[PDB]
Every structure is written in structure tokens, then in C-alpha cells.
Amino acid sequence: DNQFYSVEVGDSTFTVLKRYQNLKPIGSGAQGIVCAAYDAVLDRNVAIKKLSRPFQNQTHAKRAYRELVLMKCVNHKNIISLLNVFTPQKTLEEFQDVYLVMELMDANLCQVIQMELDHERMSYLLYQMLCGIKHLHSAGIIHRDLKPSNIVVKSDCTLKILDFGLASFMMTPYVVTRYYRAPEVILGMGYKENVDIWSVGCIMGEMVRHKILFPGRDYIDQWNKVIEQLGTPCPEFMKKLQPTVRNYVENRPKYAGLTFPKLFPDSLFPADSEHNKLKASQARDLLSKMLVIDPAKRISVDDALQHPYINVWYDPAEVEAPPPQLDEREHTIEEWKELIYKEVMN
Ligand SMILES: CNC(=O)c1cc(-n2ncc3cc(Nc4c(F)cccc4Cl)c(COC)cc32)cs1
């Protein structure tokens with residue numbers, strides 16, 4: 001009679017529509033436990049994410065509402081698209097949980113990063129990342145927090161970005177991964193579309209080095225890794241800085257910065273055949289153009305898509321697909337609950 005049923009995965013309770021069977025865990029973290037399942041109605045495997053009272057506080061609520069709203073604005077194969085959204089609760093007063101359903105992928109990009117990838121797969125993953133970012137930008141969405149843990153991949157090299165980036169305080173075991181954020185974000189500068197190119201360069205470089213490029217306890221540590229490796233930025237960059245942050249950055253110890261042959265030596269690249277020698281030099285060239293502190297000097301998304309390392313995959317239908325409510329302010333728990341509930345059941 002009832003449309004739903006409940007099972008215990010890990011230690012969370014999943015109450016899902018009966019069409020979804022054989023729930024197995026695949027991931028946990030920030031704002032959602034996730035299960036794989038078989039969708040008996042679509043005859044395909046899916047991933048199901050549980051949002052446990054997303055309205056419980058501002059940080060959870062703004063992200064839940066935003067990503068439920070934004071996913072109807074984008075339509076692109078390298079960007080999340082939902083198959084279903086539902087709550088097992090019946091009225092607003094009973095509402096607690098939201099369940100999101102998408103295609104089941106094969107792996108997280110963190111997993112792929114730990115592998116040895118030929119140039120064809122690396123360049124195809126990066127090409128798809130840039131296509132998705134370009135689609136987001138065309139829809140007026142600048143991500144600012146692109147990171148591998150929110151990117152998923154299938155065995156055939158196809159890739160999807162799962163989140164929409166930045167707009168806090170969390171009272172939980174949770175901690176935010178900040179290593180892929182641009183200097184604009186680290187330093188509070190304001191930004192344009194190519195803020196996301198930095199994060200792609202951080203992902204790129206980690207595929208080559210198999211180590212996080214700019215680790216650190218906080219932005220303090222992080223900034224130190226940035227300047228130690230790329231060198232202190234030019235005065236032209238300093239002048240963009242708010243006057244207090246400028247003082248801190250200018251008074252940091254001055255480093256000259258390593259060249260990119262030394263940051264990404266030949267050893268890290270496939271370079272036995274002439275084809276692979278050439279691709280290694282094209283890869284390091286692209287790296288040197290997106291790991292650039294000053295956004296005025298950093299390569300754009302469009303130019304990155306024309307780079308010789310990337311454009312071997314080009315095709316008009318992928319990079320330029322037709323683009324498409326609103327982003328809201330501070331609300332109470334009660335108000336967020338109703339906003340999310342109403343978006344859940346359009
Ligand atoms: C055999 N397959 C595997 O081992 C793997 C499959 C995946 N995989 N595939 C899809 C997918 C979606 C989400 N998040 C999510 C969701 F489930 C539903 C709606 C929205 C969102 Cl953002 C997560 C959780 O990411 C932290 C992992 C996911 C990763 S490893």
C-alpha cells in the first residue's frame with residue numbers, strides 16, 4: 001500500500017520509494033549519506049543522496065535550496081542532472097528529509113587522480129571539466145570551490161561535476177577542503193570566471209604529482225605553499241588587494257618561485273614516444289598558464305579549451321550548449337523548511 005520502505009545502510013536510515021532496491025553504501029561526508037541502488041522502473045543503477053533536515057541551519061539550508069534551484073537551470077552532460085527528488089514525509093509539518101537521485105557513476109575523481117593516466121585520458125577529463133565550467137559560467141554560475149571529491153567518473157572516461165560552489169559555521173565533525181580554491185578566494189579579492197581555472201590547474205597538477213599542490217591547516221599554511229612554489233606575485237597583483245590583506249601578503253617572506261620544469265619534471269610524464277614527449281611539454285605549458293596567481297595573467301576558460309593539450313577533443317555541441325528561482329537571503333529555520341519543501345514538490 002505505502003509507496004516507501006526503510007532500510008539501515010551503514011548507520012543511517014534510508015526511507016526510499018519501493019522502485020529503488022538493493023541499497024549499498026558508496027560514500028559519506030559533508031551534507032549527505034549516499035547509496036547505490038537499482039531502479040526497477042528505469043531498469044538502471046542510481047545513486048541516492050539523503051539530505052537529513054537540510055533546514056536545520058543556515059549553511060545546510062542555503063546550499064540545499066540553492067542546489068535544488070540551480071539544477072533546473074543547467075542542462076549539460078558534464079553537470080549533475082537529477083532523475084528524481086522526493087521526501088517520504090507527507091505534509092510540511094512532518095517534513096524532514098530530502099532524497100536526491102542521479103545516474104550511478106563508477107568512481108570519484110580522487111580515485112582517478114591516484115592512478116597513472118595516459119595523456120588521452122588526462123586531457124579528456126580536463127576537457128570535460130572545462131566544458132562543464134563553461135556551461136556553468138554561461139548560466140551565470142561561477143563555482144569558486146571546484147574540487148575532486150565533488151567530481152565523479154564512469155569507466156568510459158565520462159565525467160560529471162556534482163555541486164555548484166560557494167555562496168558560515170558548522171557544529172559538526174565536518175571540515176571543508178580548501179586546497180583547490182584560487183588566491184582570489186584565499187585572500188578575499190573578488191573574482192571573475194577564470195577563478196575556476198585555478199582549481200582545474202590544481203587538479204591537473206595533482207594528477208601529475210600525485211600530491212596535493214597547496215596543502216595546509218588553514219589559508220595561512222596554504223598561501224605559504226602557493227608562494228613557495230610559484231613565487232611572490234608582482235606589485236600589479238598587490239594593488240588589487242584590500243589594504244589590510246595587502247600588508248600581510250607583502251610582509252610574507254619573499255620567494256623567487258620554481259620554474260614549471262622543476263615543479264613538474266619530465267619524470268612525472270609519459271615521455272617515451274615522440275607523441276608522449278610532445279604531450280608532456282603541452283601539459284606543462286597548460287599547467288604554467290592556469291597555475292598563475294594573478295587572475296589578470298591567468299588563462300581563460302575559452303583559451304584553455306583552445307590549448308593544444310585540450311582541443312583534440314573539441315566539438316561545438318559540447319562547449320556551447322544553450323543556457324537557460326533567484327538566490328535568496330537570510331531566513332529562519334521555519335522559512336527555509338517551507339522554501340525547500342515547496343521546491344521538493346514543485
Ligand atoms: C560503483 N560505483 C561507485 O563505486 C561510485 C559511485 C559514485 N557516485 N555516482 C554518483 C554519485 C553521486 C553522489 N552524490 C549525489 C547523489 F548520490 C545523488 C544526488 C546528488 C548528488 Cl551530489 C556521490 C557522493 O559523492 C560524495 C557519489 C556518486 C561515486 S563512487
# chains A, B, ... in the order shown; residues from 1 in each chain; ligands from 1
call {"tool": "residues_near_ligand", "arguments": {"ligand": "ligand 1", "cutoff": "8 Å", "atoms": "only C-alpha atoms and all ligand atoms", "output": "PyMOL selection string"}}
result
chain A and resi 26-29+32-36+46-50+80+82+99-108+149-153+162-163
call {"tool": "select_by_dssp", "arguments": {"residues": "region 135-304 of chain A", "states": "strand (DSSP E)", "output": "PyMOL selection string"}}
result
chain A and resi 151-153+159-161
call {"tool": "closest_atom_pairs", "arguments": {"of": "region 73-172 of chain A", "to": "region 211-233 of chain A", "cutoff": "12 Å", "atoms": "only C-alpha atoms", "output": "CSV"}}
result
residue,atom,partner,partner_atom,distance
A:110,CA,A:212,CA,10.8
A:113,CA,A:211,CA,9.2
A:114,CA,A:211,CA,8.9
A:115,CA,A:211,CA,11.8
A:147,CA,A:212,CA,11.2
A:148,CA,A:212,CA,11.0
call {"tool": "write_last_selection", "arguments": {"atoms": "N, CA and C atoms", "output": "PDB file, in the first residue's frame"}}
result
ATOM      1  N   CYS A 110      38.921  11.719  -7.034  1.00  0.00           N
ATOM      2  CA  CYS A 110      40.055  11.458  -6.151  1.00  0.00           C
ATOM      3  C   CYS A 110      40.662  10.092  -6.446  1.00  0.00           C
ATOM      4  N   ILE A 113      42.666  10.267  -9.691  1.00  0.00           N
ATOM      5  CA  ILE A 113      43.896  11.037  -9.516  1.00  0.00           C
ATOM      6  C   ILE A 113      45.037  10.158  -9.033  1.00  0.00           C
ATOM      7  N   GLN A 114      44.733   9.128  -8.249  1.00  0.00           N
ATOM      8  CA  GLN A 114      45.768   8.269  -7.694  1.00  0.00           C
ATOM      9  C   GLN A 114      46.311   7.269  -8.706  1.00  0.00           C
ATOM     10  N   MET A 115      45.731   7.208  -9.902  1.00  0.00           N
ATOM     11  CA  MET A 115      46.157   6.285 -10.943  1.00  0.00           C
ATOM     12  C   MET A 115      47.163   6.939 -11.883  1.00  0.00           C
ATOM     13  N   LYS A 147      36.456  20.937  -6.681  1.00  0.00           N
ATOM     14  CA  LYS A 147      37.398  20.025  -6.048  1.00  0.00           C
ATOM     15  C   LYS A 147      37.086  18.603  -6.489  1.00  0.00           C
ATOM     16  N   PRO A 148      38.074  17.704  -6.447  1.00  0.00           N
ATOM     17  CA  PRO A 148      37.860  16.356  -7.000  1.00  0.00           C
ATOM     18  C   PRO A 148      36.798  15.543  -6.282  1.00  0.00           C
TER      19      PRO A 148
END
call {"tool": "atom_distance", "arguments": {"atom1": "CA of residue 126 (chain A)", "atom2": "CA of residue 204 (chain A)"}}
result
7.4 Å
call {"tool": "atom_distance", "arguments": {"atom1": "CA of residue 298 (chain A)", "atom2": "CA of residue 194 (chain A)"}}
result
7.2 Å
call {"tool": "closest_atom_pairs", "arguments": {"of": "region 67-119 of chain A", "to": "region 2-21 of chain A", "cutoff": "10 Å", "atoms": "only C-alpha atoms", "output": "JSON lines"}}
result
{"residue": "A:86", "atom": "CA", "partner": "A:16", "partner_atom": "CA", "distance": 8.3}
{"residue": "A:87", "atom": "CA", "partner": "A:16", "partner_atom": "CA", "distance": 8.1}
{"residue": "A:88", "atom": "CA", "partner": "A:15", "partner_atom": "CA", "distance": 6.6}
{"residue": "A:89", "atom": "CA", "partner": "A:15", "partner_atom": "CA", "distance": 9.6}
{"residue": "A:97", "atom": "CA", "partner": "A:15", "partner_atom": "CA", "distance": 9.1}
{"residue": "A:98", "atom": "CA", "partner": "A:16", "partner_atom": "CA", "distance": 10.0}
{"residue": "A:99", "atom": "CA", "partner": "A:16", "partner_atom": "CA", "distance": 7.7}
{"residue": "A:101", "atom": "CA", "partner": "A:20", "partner_atom": "CA", "distance": 9.9}
call {"tool": "residues_around", "arguments": {"residues": "region 286-291 of chain A", "least_positions_apart": "3", "cutoff": "6 Å", "atoms": "only C-alpha atoms", "output": "PDB file with N, CA, C and O atoms, in the first residue's frame"}}
result
ATOM      1  N   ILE A 197      39.580  28.348 -13.177  1.00  0.00           N
ATOM      2  CA  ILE A 197      40.717  27.772 -13.894  1.00  0.00           C
ATOM      3  C   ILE A 197      41.816  27.371 -12.916  1.00  0.00           C
ATOM      4  O   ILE A 197      42.484  26.346 -13.097  1.00  0.00           O
ATOM      5  N   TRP A 198      42.016  28.165 -11.860  1.00  0.00           N
ATOM      6  CA  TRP A 198      42.990  27.801 -10.838  1.00  0.00           C
ATOM      7  C   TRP A 198      42.718  26.407 -10.290  1.00  0.00           C
ATOM      8  O   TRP A 198      43.632  25.586 -10.159  1.00  0.00           O
ATOM      9  N   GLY A 201      43.719  23.763 -12.603  1.00  0.00           N
ATOM     10  CA  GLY A 201      45.163  23.607 -12.563  1.00  0.00           C
ATOM     11  C   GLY A 201      45.624  22.836 -11.343  1.00  0.00           C
ATOM     12  O   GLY A 201      46.570  22.047 -11.415  1.00  0.00           O
ATOM     13  N   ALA A 283      51.330  19.626 -21.807  1.00  0.00           N
ATOM     14  CA  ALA A 283      50.705  19.570 -20.490  1.00  0.00           C
ATOM     15  C   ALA A 283      51.345  20.575 -19.541  1.00  0.00           C
ATOM     16  O   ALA A 283      50.645  21.321 -18.843  1.00  0.00           O
ATOM     17  N   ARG A 298      46.160  34.934 -15.732  1.00  0.00           N
ATOM     18  CA  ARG A 298      45.774  33.533 -15.804  1.00  0.00           C
ATOM     19  C   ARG A 298      44.898  33.286 -17.027  1.00  0.00           C
ATOM     20  O   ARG A 298      44.107  34.138 -17.436  1.00  0.00           O
ATOM     21  N   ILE A 299      45.051  32.098 -17.616  1.00  0.00           N
ATOM     22  CA  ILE A 299      44.361  31.796 -18.864  1.00  0.00           C
ATOM     23  C   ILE A 299      42.862  31.668 -18.610  1.00  0.00           C
ATOM     24  O   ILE A 299      42.418  31.277 -17.521  1.00  0.00           O
TER      25      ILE A 299
END
